[PDB]
Amino acid sequence: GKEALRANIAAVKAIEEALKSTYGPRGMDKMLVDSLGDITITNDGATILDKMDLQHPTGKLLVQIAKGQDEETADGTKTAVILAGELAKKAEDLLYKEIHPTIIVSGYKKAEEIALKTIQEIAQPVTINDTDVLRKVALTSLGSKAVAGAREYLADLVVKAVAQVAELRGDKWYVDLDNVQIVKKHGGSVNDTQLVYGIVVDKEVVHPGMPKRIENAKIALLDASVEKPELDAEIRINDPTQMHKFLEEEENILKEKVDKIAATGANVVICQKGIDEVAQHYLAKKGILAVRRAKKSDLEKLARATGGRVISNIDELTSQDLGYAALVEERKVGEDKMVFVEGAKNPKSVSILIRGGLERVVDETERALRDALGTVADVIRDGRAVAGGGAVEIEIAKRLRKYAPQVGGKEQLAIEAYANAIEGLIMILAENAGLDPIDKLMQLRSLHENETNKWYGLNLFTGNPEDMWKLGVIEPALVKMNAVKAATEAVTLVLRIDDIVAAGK
Amino acid sequence: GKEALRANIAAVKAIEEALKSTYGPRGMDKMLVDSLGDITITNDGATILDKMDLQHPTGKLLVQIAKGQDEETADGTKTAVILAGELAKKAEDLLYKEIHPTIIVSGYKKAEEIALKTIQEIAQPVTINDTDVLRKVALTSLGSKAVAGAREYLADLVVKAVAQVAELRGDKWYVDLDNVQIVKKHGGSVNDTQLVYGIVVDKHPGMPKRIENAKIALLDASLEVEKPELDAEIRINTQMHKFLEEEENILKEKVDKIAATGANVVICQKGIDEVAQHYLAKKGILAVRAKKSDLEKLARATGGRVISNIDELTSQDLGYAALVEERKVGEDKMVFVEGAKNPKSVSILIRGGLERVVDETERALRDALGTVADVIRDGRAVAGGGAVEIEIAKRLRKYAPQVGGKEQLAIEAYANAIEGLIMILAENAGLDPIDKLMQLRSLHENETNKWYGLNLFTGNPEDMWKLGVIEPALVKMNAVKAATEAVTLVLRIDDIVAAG
Amino acid sequence: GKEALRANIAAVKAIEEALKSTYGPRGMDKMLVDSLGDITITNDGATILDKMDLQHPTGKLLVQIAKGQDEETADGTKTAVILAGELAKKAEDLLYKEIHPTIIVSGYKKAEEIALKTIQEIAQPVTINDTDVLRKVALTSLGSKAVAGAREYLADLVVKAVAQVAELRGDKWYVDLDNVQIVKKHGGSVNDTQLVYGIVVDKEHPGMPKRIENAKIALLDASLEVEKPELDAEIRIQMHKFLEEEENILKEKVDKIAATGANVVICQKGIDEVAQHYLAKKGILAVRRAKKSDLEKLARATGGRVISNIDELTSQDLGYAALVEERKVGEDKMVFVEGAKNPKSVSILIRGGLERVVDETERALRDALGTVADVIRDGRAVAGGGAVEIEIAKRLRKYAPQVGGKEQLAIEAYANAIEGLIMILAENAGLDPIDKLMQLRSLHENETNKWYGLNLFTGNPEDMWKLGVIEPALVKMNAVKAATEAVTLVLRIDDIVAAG
Ligand SMILES: Nc1ncnc2c1ncn2[C@@H]1O[C@H](COP(=O)(O)OP(=O)(O)O)[C@@H](O)[C@H]1O
Ligand SMILES: Nc1ncnc2c1ncn2[C@@H]1O[C@H](COP(=O)(O)OP(=O)(O)O)[C@@H](O)[C@H]1O
Ligand SMILES: Nc1ncnc2c1ncn2[C@@H]1O[C@H](COP(=O)(O)OP(=O)(O)O)[C@@H](O)[C@H]1O
């Protein structure tokens, strides 16, 4: 049974070894070449674990635990898995001393609970009012990613965008990120990006003859597409003057189809099907704006943000169901055109237009932005925040070291190992920064003899212990707290296994 | 993760090694034999990277970065990729000293920013007025290419041609190269080439071949008949005989509509029906059998609009010209739309004895146009021939001490990597690289002699500016940015994982 | 001819690699097991190169150059050979750039001359008066060795001892270390050691006076044994009287010497046991075989002459002393000739608990004597700990630009090779070499902080001069000359041809 655990532990350390390079802001990236041939370079753990497949089932479960977090932000996964790795690494050293795993687990459980407690007790509170901090958080979150052009601009836009959707529910701050629309274009600098308080539709209008500007536009959201009379009736013809009139009836059918909708009268209509090129002219004749196939995602985000309902059947329409907007417009941002539904009736209306010079590079800003949104939303929803840069881990360590003596012997060693495994993560951080890990970590914890200097962490640039909070190195209290729970979960779920009997074939 | 970086760096140095031969005016060429069998010899990096395919993805991204320069000219790509190569070469030596890559990147970033600053501060300003300089620039740009016959003539024509399109937009000089038409013929010397201030079209004997004050009708419709086959299979039962004439009357009805306004020249991008020829020739109208490119360039340059549908015609929207003519330049004939209404109207007729050789002048000319356009749009220019790099080097060497230690070494390496490029230049010239570079930088103890660079012919350090060795300040500046970009984007990778 | 140079350079780097561990105060030691079986641990380069034999002739010449330093102290040899190593290491990198060796040599020559100049210009003057500094120097010199017990005591005794022998010759301070006597005993602490201003004889009849006042010393370099009549005459057995004649011969031998009447006699031969009683009968002190070394040191220090023949004696030749005594220092007894007539009279008694350990203090003391003597004779001293090398480096880096190109690179390489030595120092101290060196040179932007060097204990750049880290200006200066000598004498060789 020891070889099986050795195998599983090896499996974990393999992942830790894979990701260890990418940890920290001054980390390393990994390239991934699609079978198609498309190249994708990244350090974001979610994408790495995604594209990098594993055959070892414990690996699949491990990734399932680390990656499969409840939260929208992929931030904290790397931290969790690396920690799991370190825990397993020390665990091995505990096993070498002839300690039955259940003991190690029990010690790790105490250690995790107290880690959480230690995070709780130190976690400085933060209010949505203290906007600058939220900007610092956004900065820290998005800064770590490959793109570093105009971080301040983006972070600013992030905080401003997030603060808009937030609402008081039972005096508790609730936020729904589905309320934020996110659209992408190719070409253009990073500065050319802009937020919109209305709903943006990434499309070109169906006809040049339509009004491209409507004031106080009401929006009709129709999820309907011709009729086929072949199976209904064999279209037999032997007399040529007959069919000619048979034709016009079928156009009159379409007219009958559209007239119903023309009766109530819409200002703008959007459907998720290829628009027939005759309806264009008839809709253009009335002075109505239309759009070609937009995806259901934007339609559903349009639905709640406009104060209307999306309608499956075009015959069941009611005059209340249709959304209401203040301004609709179309414009050229960069080279291509886009549609903009500005000043929607719903107060929690937000959109963001993103742009990158290269089509593959703009995708990084997406993955960098999503986390920058979520991470801040998680600061808002929680109401606590903590200075990263190693200011946390060492406190957990010193805590567990001070607590370990008075837990009884065999757990104590597991707890101490836990503390060392927590500490070693900062060393991993420093390794990636090119500095001496030991020297710096010891320097750090040696500076924590004073409780005032609790926020002191390593700056990977100066290479010197400095106050992380003042330097704008803040992170969410929760996202870093969950990493410990997922990591402990994983390691315990590795040490809890004795053998595998998987069914091949 | 070290082996992956070694592989990528190797991948870069492979490209550097491929191109290193072709760098500089006195460089080497590379032959490329098409699968068809056609042979193509060239040194132009774009074509080399084009025809030479790479399987290594980092290579594809590398070429994507180097080629993927914002500007119209392929000039500067070689410079960039070679520099990237040198940077990687020194980087290796930095890694051998146990320096984590992020440090190297940080140092290279500082080095790049300061390189740009150093280019900015020294870059002599240049105005469109100082035409001779622009000629010297054109010369330097086009001279490096395989063809060296009548460089002065061409450069002159280039500068004259470019200066015509330039316009003041918000007191800032804007230029659009789409305004320049470029047509090619086979056979004839290099001197027989000429520019035209009107629009040249590279294309019935009974039509008037000369029209005064011609109005040009731009018809993007098939002048061919309409096909009643799919419409109606016609069964023969003297009836069909008239069925014929109706169908000619259709064409007459088609043309008469267009004959309403009364235009003197018509052009369409479809095979012209041989009955419309006689009817159009009967009126005394000139016609032609042409690509949409020239039509779109004709559109804006004549003061008219290209017409999609022949039924929607208006009496405005046909272009206006002063003179139209046709002539034999060399063996074949060409059409010339001279004295267009739009002021920014330009065309150029190019000719080479051999059909494959005239294509080189094209690739040599495009860059010679862009390069000068980039001098105009920017408003700065710098003497090449190594006068730049050594200053960057000395700058970074003087700046490196006061940046902190571990960055300082990366910066110094950067400076050495910048310097080594001139050595590469000298290697291709057959001279001793070290001796000459050191000779150069040793002459820069005096700032007056800042423009001193190597002459590849005399082999002696001389003032490059006075010898007409000038280049655009921007195109050489972008190379550093793309090169740094690439190298950093190589050192930023730790491992690759392909799917399936 | 390239492979021969590669081999020789390899040969040098091998030695550098051998010694690199032992460099600096916080260095490493090396154990050496004699063929006899006796073990000897040491870091002192002289002993390492001694006991470690090399077959490669260039190695023998190399050690011959490094060891073969003009000066009394073995200090500076390691520094020299390591520097030679670094120079060769960079030289390799210069050769890789296709630079003919003579160029490298020329550059290294300029670099060496300017290194010497740079040492001259910065070298703070020091006078014999500023005794505390001399103590700091002694400390620095002796401190690096294995023994660290009671360094202050020893250094103090060193300075006091050396200052006594120094004499004004043409107003220039001359010192002769042959004037200092050095004797050793086994067992006893390091504190139990003491200096004596008279001449100490390390030796043991009980009937003789062991204390004489104002003793005149007779230096007899003749066998006090009988003369052998065996070869002269095989005697057949009267004999009883034949005996007494032969005692009367000894009496006749001694009486002659008893003429002047000296109080102490010393000879370097086993003393006949009959002369003992006759000499003891007069009330004279004698000693058993002492070595000629102490006799020659006794000769000049007592104001007398050593006598080859006992028949040529004169009443003036004999030395004069104020006090003679014998005493038990530790377990064994020793003879002490105190208050000699010659003013430059010095002796030192050294003692270690272990017989092998006391030998280290010897080798540590000799250098501590010489090193200070070299500060006195020169009149200059310099703060070690890296405060020197970085200045040489910055100097050569600032000077290199204006020497012409191909030399400039050799000079820069020299500077880097000088710098790298401190890194080697820091490596042995367990700290990061690069970081610390860069930290050092970055602190030298201010000239005031010129003496800043690395402290191997705090790990921080600090003023070496104030911390008592001073060394002789000359001994460190000669190392550069011997190192350059060696490296140039390696790069000057193209091939070797032996007689097989
Ligand atoms: N500006 C910063 N300065 C110092 N440390 C930072 C900074 N930003 C982030 N970190 C550190 O980076 C660690 C991990 O960040 P990163 O690897 O980019 O994402 P993740 O949190 O998913 O691992 C955190 O533990 C945090 O302490
Ligand atoms: N007449 C010249 N004298 C010296 N150097 C020149 C001259 N013309 C061009 N060069 C050098 O050639 C280099 C590159 O030119 P070339 O290889 O022909 O095209 P590209 O600009 O794409 O590299 C420039 O960096 C410039 O320094
Ligand atoms: N106390 C000290 N602090 C710092 N450096 C020292 C000290 N003592 C000696 N050194 C350094 O040690 C180096 C070599 O000294 P050492 O090994 O003792 O003898 P040697 O000169 O024969 O190698 C010198 O370059 C000097 O700078």
# chains A, B, ... in the order shown; residues from 1 in each chain; ligands from 1

call {"tool": "residues_near_ligand", "arguments": {"ligand": "ligand 2", "cutoff": "9 Å", "atoms": "only C-alpha atoms and all ligand atoms", "output": "MDAnalysis selection string"}}
result
chainID B and resid 22:27 43:46 73:80 82 139:145 367 383:389 421:422 425 453:457 464 467:471 475:476

call {"tool": "select_by_dssp", "arguments": {"residues": "range 253-349 of chain C", "states": "alpha helix (DSSP H)", "output": "NGL selection string"}}
result
:C and (253-258 or 275-282 or 292-302)

call {"tool": "interface_residues", "arguments": {"of": "chain C", "to": "chain B", "cutoff": "10 Å", "atoms": "only C-alpha atoms", "output": "MDAnalysis selection string"}}
result
chainID C and resid 97:99 400:409 434:442 445

call {"tool": "closest_atom_pairs", "arguments": {"of": "chain A", "to": "ligand 1", "cutoff": "6 Å", "atoms": "only C-alpha atoms and all ligand atoms", "output": "CSV"}}
result
residue,atom,partner,partner_atom_place_in_ligand_line,distance
A:23,CA,ligand 1,17 (O),3.9
A:24,CA,ligand 1,17 (O),4.0
A:25,CA,ligand 1,18 (O),4.8
A:75,CA,ligand 1,22 (O),3.6
A:76,CA,ligand 1,22 (O),3.8
A:77,CA,ligand 1,22 (O),5.1
A:78,CA,ligand 1,23 (O),4.3
A:79,CA,ligand 1,23 (O),4.3
A:140,CA,ligand 1,8 (N),4.7
A:144,CA,ligand 1,18 (O),4.5
A:388,CA,ligand 1,27 (O),3.6
A:389,CA,ligand 1,27 (O),3.4
A:390,CA,ligand 1,27 (O),5.1
A:459,CA,ligand 1,4 (C),5.4
A:473,CA,ligand 1,1 (N),4.8

call {"tool": "interface_residues", "arguments": {"of": "chain B", "to": "chain A", "cutoff": "7 Å", "atoms": "only C-alpha atoms", "output": "list in words"}}
result
residues 57, 99, 100, 102, 492, 493, 494, 495, 496, 497, 498, 499 and 500 of chain B

call {"tool": "residues_around", "arguments": {"residues": "residue 446 in chain A", "least_positions_apart": "3", "cutoff": "12 Å", "atoms": "only C-alpha atoms", "output": "list in words"}}
result
residues 394, 395, 398, 438, 439, 440, 441, 442, 443, 449, 450, 451, 453, 454, 456, 457 and 465 of chain A

call {"tool": "write_last_selection", "arguments": {"atoms": "C-alpha atoms", "output": "PDB file, in the first residue's frame"}}
result
ATOM      1  CA  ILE A 394       4.289  33.578   7.163  1.00  0.00           C
ATOM      2  CA  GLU A 395       1.581  34.606   9.696  1.00  0.00           C
ATOM      3  CA  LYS A 398       4.112  31.460  12.843  1.00  0.00           C
ATOM      4  CA  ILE A 438      15.520  30.780   1.916  1.00  0.00           C
ATOM      5  CA  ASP A 439      17.275  34.075   2.662  1.00  0.00           C
ATOM      6  CA  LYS A 440      14.237  36.130   1.723  1.00  0.00           C
ATOM      7  CA  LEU A 441      11.610  34.055   3.489  1.00  0.00           C
ATOM      8  CA  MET A 442      13.703  33.978   6.668  1.00  0.00           C
ATOM      9  CA  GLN A 443      14.236  37.728   6.276  1.00  0.00           C
ATOM     10  CA  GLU A 449       8.675  39.746  15.364  1.00  0.00           C
ATOM     11  CA  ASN A 450       6.900  43.143  15.350  1.00  0.00           C
ATOM     12  CA  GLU A 451       3.142  42.753  14.806  1.00  0.00           C
ATOM     13  CA  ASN A 453       4.945  44.981  10.249  1.00  0.00           C
ATOM     14  CA  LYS A 454       2.432  42.182   9.558  1.00  0.00           C
ATOM     15  CA  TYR A 456       5.464  43.074   5.056  1.00  0.00           C
ATOM     16  CA  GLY A 457       5.982  40.829   2.032  1.00  0.00           C
ATOM     17  CA  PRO A 465      10.769  43.012   2.185  1.00  0.00           C
TER      18      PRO A 465
END

call {"tool": "residues_around", "arguments": {"residues": "residue 416 in chain C", "least_positions_apart": "4", "cutoff": "12 Å", "atoms": "only C-alpha atoms", "output": "ChimeraX atom specification"}}
result
/B:409 /C:83,86-91,93,108,111,389-397,409-412,420-423,434,437-438,441

call {"tool": "write_last_selection", "arguments": {"atoms": "N, CA and C atoms", "output": "JSON list (two decimals), in the first residue's frame"}}
result
[["chain", "number", "residue", "atom", "x", "y", "z"],
["B", 409, "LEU", "N", 23.66, 43.98, -16.23],
["B", 409, "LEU", "CA", 24.30, 43.00, -17.09],
["B", 409, "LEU", "C", 23.46, 42.69, -18.34],
["C", 83, "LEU", "N", 43.91, 34.80, -10.16],
["C", 83, "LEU", "CA", 43.77, 35.88, -11.15],
["C", 83, "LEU", "C", 44.20, 35.39, -12.52],
["C", 86, "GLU", "N", 41.47, 33.35, -13.93],
["C", 86, "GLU", "CA", 40.37, 34.17, -14.45],
["C", 86, "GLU", "C", 40.74, 34.82, -15.78],
["C", 87, "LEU", "N", 41.94, 35.42, -15.83],
["C", 87, "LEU", "CA", 42.49, 35.98, -17.08],
["C", 87, "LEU", "C", 42.44, 34.97, -18.24],
["C", 88, "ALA", "N", 42.94, 33.76, -18.00],
["C", 88, "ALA", "CA", 42.87, 32.68, -18.99],
["C", 88, "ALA", "C", 41.42, 32.34, -19.36],
["C", 89, "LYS", "N", 40.55, 32.26, -18.36],
["C", 89, "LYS", "CA", 39.13, 31.99, -18.59],
["C", 89, "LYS", "C", 38.49, 33.01, -19.53],
["C", 90, "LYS", "N", 38.75, 34.30, -19.32],
["C", 90, "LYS", "CA", 38.23, 35.34, -20.22],
["C", 90, "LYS", "C", 38.93, 35.26, -21.56],
["C", 91, "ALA", "N", 40.24, 35.02, -21.52],
["C", 91, "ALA", "CA", 41.05, 34.90, -22.73],
["C", 91, "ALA", "C", 40.40, 33.90, -23.68],
["C", 93, "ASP", "N", 37.33, 33.14, -23.93],
["C", 93, "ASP", "CA", 36.17, 33.84, -24.49],
["C", 93, "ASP", "C", 36.58, 34.85, -25.57],
["C", 108, "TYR", "N", 46.39, 42.95, -22.20],
["C", 108, "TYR", "CA", 46.69, 42.58, -20.83],
["C", 108, "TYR", "C", 47.88, 43.34, -20.28],
["C", 111, "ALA", "N", 46.63, 46.73, -19.49],
["C", 111, "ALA", "CA", 45.79, 46.52, -18.32],
["C", 111, "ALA", "C", 46.62, 46.36, -17.03],
["C", 389, "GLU", "N", 40.05, 45.74, -6.10],
["C", 389, "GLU", "CA", 39.79, 45.17, -7.42],
["C", 389, "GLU", "C", 38.76, 45.97, -8.21],
["C", 390, "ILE", "N", 37.62, 46.24, -7.59],
["C", 390, "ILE", "CA", 36.55, 47.04, -8.23],
["C", 390, "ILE", "C", 37.03, 48.40, -8.77],
["C", 391, "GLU", "N", 38.00, 49.01, -8.09],
["C", 391, "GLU", "CA", 38.55, 50.30, -8.52],
["C", 391, "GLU", "C", 39.39, 50.09, -9.77],
["C", 392, "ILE", "N", 40.20, 49.02, -9.75],
["C", 392, "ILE", "CA", 40.98, 48.62, -10.91],
["C", 392, "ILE", "C", 40.03, 48.42, -12.08],
["C", 393, "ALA", "N", 38.96, 47.67, -11.82],
["C", 393, "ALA", "CA", 37.95, 47.39, -12.84],
["C", 393, "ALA", "C", 37.38, 48.68, -13.42],
["C", 394, "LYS", "N", 36.74, 49.49, -12.58],
["C", 394, "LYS", "CA", 36.14, 50.75, -13.02],
["C", 394, "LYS", "C", 37.15, 51.61, -13.79],
["C", 395, "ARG", "N", 38.38, 51.66, -13.29],
["C", 395, "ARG", "CA", 39.50, 52.32, -13.97],
["C", 395, "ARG", "C", 39.69, 51.81, -15.40],
["C", 396, "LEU", "N", 39.92, 50.52, -15.52],
["C", 396, "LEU", "CA", 40.15, 49.90, -16.82],
["C", 396, "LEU", "C", 38.93, 50.02, -17.74],
["C", 397, "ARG", "N", 37.74, 49.98, -17.17],
["C", 397, "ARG", "CA", 36.51, 50.16, -17.94],
["C", 397, "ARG", "C", 36.41, 51.58, -18.48],
["C", 409, "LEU", "N", 38.86, 45.39, -25.85],
["C", 409, "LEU", "CA", 38.13, 44.19, -25.41],
["C", 409, "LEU", "C", 38.96, 43.34, -24.44],
["C", 410, "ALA", "N", 40.25, 43.23, -24.72],
["C", 410, "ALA", "CA", 41.16, 42.52, -23.84],
["C", 410, "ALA", "C", 41.23, 43.20, -22.47],
["C", 411, "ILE", "N", 41.32, 44.53, -22.48],
["C", 411, "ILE", "CA", 41.33, 45.30, -21.23],
["C", 411, "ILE", "C", 40.04, 45.11, -20.45],
["C", 412, "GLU", "N", 38.91, 45.25, -21.12],
["C", 412, "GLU", "CA", 37.61, 45.03, -20.48],
["C", 412, "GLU", "C", 37.53, 43.62, -19.86],
["C", 420, "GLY", "N", 35.86, 39.30, -11.11],
["C", 420, "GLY", "CA", 35.44, 37.91, -10.81],
["C", 420, "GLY", "C", 36.11, 37.27, -9.60],
["C", 421, "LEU", "N", 37.30, 37.75, -9.27],
["C", 421, "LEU", "CA", 38.02, 37.27, -8.10],
["C", 421, "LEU", "C", 37.25, 37.52, -6.78],
["C", 422, "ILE", "N", 36.67, 38.71, -6.64],
["C", 422, "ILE", "CA", 35.85, 39.02, -5.47],
["C", 422, "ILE", "C", 34.64, 38.09, -5.44],
["C", 423, "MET", "N", 34.09, 37.80, -6.62],
["C", 423, "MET", "CA", 32.97, 36.87, -6.71],
["C", 423, "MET", "C", 33.41, 35.51, -6.19],
["C", 434, "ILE", "N", 27.51, 37.50, -7.66],
["C", 434, "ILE", "CA", 27.08, 38.56, -8.58],
["C", 434, "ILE", "C", 26.47, 39.72, -7.79],
["C", 437, "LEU", "N", 29.04, 41.67, -5.58],
["C", 437, "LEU", "CA", 29.99, 42.44, -6.37],
["C", 437, "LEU", "C", 29.31, 43.67, -6.98],
["C", 438, "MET", "N", 28.18, 43.45, -7.63],
["C", 438, "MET", "CA", 27.44, 44.55, -8.25],
["C", 438, "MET", "C", 27.07, 45.60, -7.20],
["C", 441, "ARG", "N", 30.39, 47.62, -6.50],
["C", 441, "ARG", "CA", 30.75, 48.60, -7.53],
["C", 441, "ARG", "C", 29.70, 49.70, -7.66]]

call {"tool": "closest_atom_pairs", "arguments": {"of": "chain C", "to": "ligand 3", "cutoff": "9 Å", "atoms": "only C-alpha atoms and all ligand atoms", "output": "CSV"}}
result
residue,atom,partner,partner_atom_place_in_ligand_line,distance
C:22,CA,ligand 3,17 (O),6.9
C:23,CA,ligand 3,17 (O),4.6
C:24,CA,ligand 3,12 (O),4.0
C:25,CA,ligand 3,18 (O),5.2
C:26,CA,ligand 3,17 (O),8.5
C:27,CA,ligand 3,17 (O),7.5
C:43,CA,ligand 3,17 (O),8.2
C:44,CA,ligand 3,22 (O),7.1
C:45,CA,ligand 3,22 (O),6.9
C:46,CA,ligand 3,22 (O),8.9
C:73,CA,ligand 3,22 (O),8.6
C:74,CA,ligand 3,22 (O),6.2
C:75,CA,ligand 3,22 (O),3.5
C:76,CA,ligand 3,21 (O),3.7
C:77,CA,ligand 3,22 (O),5.2
C:78,CA,ligand 3,23 (O),4.4
C:79,CA,ligand 3,23 (O),4.8
C:80,CA,ligand 3,21 (O),8.1
C:82,CA,ligand 3,23 (O),8.9
C:137,CA,ligand 3,8 (N),9.0
C:139,CA,ligand 3,1 (N),8.0
C:140,CA,ligand 3,8 (N),4.7
C:141,CA,ligand 3,18 (O),6.0
C:142,CA,ligand 3,18 (O),7.5
C:143,CA,ligand 3,8 (N),7.0
C:144,CA,ligand 3,18 (O),4.2
C:145,CA,ligand 3,18 (O),6.7
C:383,CA,ligand 3,27 (O),7.4
C:384,CA,ligand 3,27 (O),3.6
C:385,CA,ligand 3,5 (N),3.4
C:386,CA,ligand 3,27 (O),5.3
C:387,CA,ligand 3,27 (O),7.6
C:388,CA,ligand 3,27 (O),8.0
C:389,CA,ligand 3,25 (O),8.6
C:421,CA,ligand 3,25 (O),8.2
C:422,CA,ligand 3,25 (O),7.6
C:425,CA,ligand 3,13 (C),7.3
C:453,CA,ligand 3,4 (C),7.3
C:454,CA,ligand 3,4 (C),6.4
C:455,CA,ligand 3,4 (C),5.5
C:456,CA,ligand 3,4 (C),6.2
C:457,CA,ligand 3,3 (N),8.6
C:464,CA,ligand 3,3 (N),7.1
C:467,CA,ligand 3,1 (N),8.0
C:468,CA,ligand 3,1 (N),7.2
C:469,CA,ligand 3,1 (N),4.9
C:470,CA,ligand 3,8 (N),7.7
C:471,CA,ligand 3,26 (C),7.5
C:475,CA,ligand 3,21 (O),8.1
C:476,CA,ligand 3,21 (O),7.3
C:479,CA,ligand 3,21 (O),8.6

call {"tool": "atom_distance", "arguments": {"atom1": "CA of residue 136 in chain C", "atom2": "CA of residue 160 in chain C"}}
result
12.8 Å

call {"tool": "residues_around", "arguments": {"residues": "residue 372 in chain A", "least_positions_apart": "3", "cutoff": "12 Å", "atoms": "only C-alpha atoms", "output": "count of residues only"}}
result
38

call {"tool": "residues_around", "arguments": {"residues": "residue 292 in chain C", "least_positions_apart": "6", "cutoff": "9 Å", "atoms": "only C-alpha atoms", "output": "count of residues only"}}
result
3

call {"tool": "select_by_dssp", "arguments": {"residues": "range 237-296 of chain A", "states": "strand (DSSP E or B)", "output": "short mmCIF file (atom, residue, chain, number, x, y, z; two decimals) with N, CA, C and O atoms, in the first residue's frame"}}
result
data_model
loop_
_atom_site.label_atom_id
_atom_site.label_comp_id
_atom_site.auth_asym_id
_atom_site.auth_seq_id
_atom_site.Cartn_x
_atom_site.Cartn_y
_atom_site.Cartn_z
N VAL A 268 -36.62 48.86 -33.02
CA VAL A 268 -35.52 47.96 -33.38
C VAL A 268 -35.89 46.49 -33.12
O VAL A 268 -36.53 46.16 -32.11
N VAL A 269 -35.50 45.63 -34.05
CA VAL A 269 -35.79 44.20 -33.96
C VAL A 269 -34.49 43.41 -34.12
O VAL A 269 -33.62 43.77 -34.91
N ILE A 270 -34.36 42.34 -33.35
CA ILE A 270 -33.20 41.47 -33.41
C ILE A 270 -33.64 40.01 -33.36
O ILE A 270 -34.47 39.64 -32.54
N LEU A 289 -35.00 49.71 -37.65
CA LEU A 289 -33.64 49.18 -37.59
C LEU A 289 -33.68 47.69 -37.28
O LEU A 289 -34.41 47.25 -36.38
N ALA A 290 -32.90 46.91 -38.03
CA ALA A 290 -32.77 45.47 -37.80
C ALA A 290 -31.31 45.07 -37.73
O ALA A 290 -30.41 45.86 -38.06
N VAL A 291 -31.08 43.83 -37.30
CA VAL A 291 -29.73 43.29 -37.16
C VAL A 291 -29.72 41.83 -37.59
O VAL A 291 -30.73 41.13 -37.42
#

call {"tool": "closest_residue", "arguments": {"among": "C:432, C:152, C:495, C:113", "to": "chain A", "atoms": "only C-alpha atoms"}}
result
C:432

call {"tool": "residues_around", "arguments": {"residues": "residue 320 in chain A", "least_positions_apart": "5", "cutoff": "10 Å", "atoms": "only C-alpha atoms", "output": "MDAnalysis selection string"}}
result
chainID A and resid 307:309

call {"tool": "decode", "arguments": {"residues": "range 304-309 of chain A", "atoms": "N, CA and C atoms", "output": "PDB file, in the first residue's frame"}}
result
ATOM      1  N   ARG A 304     -33.188  41.054 -19.744  1.00  0.00           N
ATOM      2  CA  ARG A 304     -33.368  41.579 -18.386  1.00  0.00           C
ATOM      3  C   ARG A 304     -32.904  43.025 -18.236  1.00  0.00           C
ATOM      4  N   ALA A 305     -32.014  43.461 -19.122  1.00  0.00           N
ATOM      5  CA  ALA A 305     -31.407  44.784 -19.018  1.00  0.00           C
ATOM      6  C   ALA A 305     -32.242  45.878 -19.685  1.00  0.00           C
ATOM      7  N   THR A 306     -33.215  45.479 -20.500  1.00  0.00           N
ATOM      8  CA  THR A 306     -34.050  46.422 -21.238  1.00  0.00           C
ATOM      9  C   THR A 306     -35.463  46.549 -20.661  1.00  0.00           C
ATOM     10  N   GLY A 307     -35.844  45.623 -19.784  1.00  0.00           N
ATOM     11  CA  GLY A 307     -37.184  45.620 -19.197  1.00  0.00           C
ATOM     12  C   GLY A 307     -38.207  44.994 -20.123  1.00  0.00           C
ATOM     13  N   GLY A 308     -37.812  43.880 -20.737  1.00  0.00           N
ATOM     14  CA  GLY A 308     -38.670  43.140 -21.644  1.00  0.00           C
ATOM     15  C   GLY A 308     -38.424  41.645 -21.597  1.00  0.00           C
ATOM     16  N   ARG A 309     -39.125  40.918 -22.464  1.00  0.00           N
ATOM     17  CA  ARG A 309     -39.070  39.465 -22.522  1.00  0.00           C
ATOM     18  C   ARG A 309     -38.743  39.037 -23.950  1.00  0.00           C
TER      19      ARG A 309
END
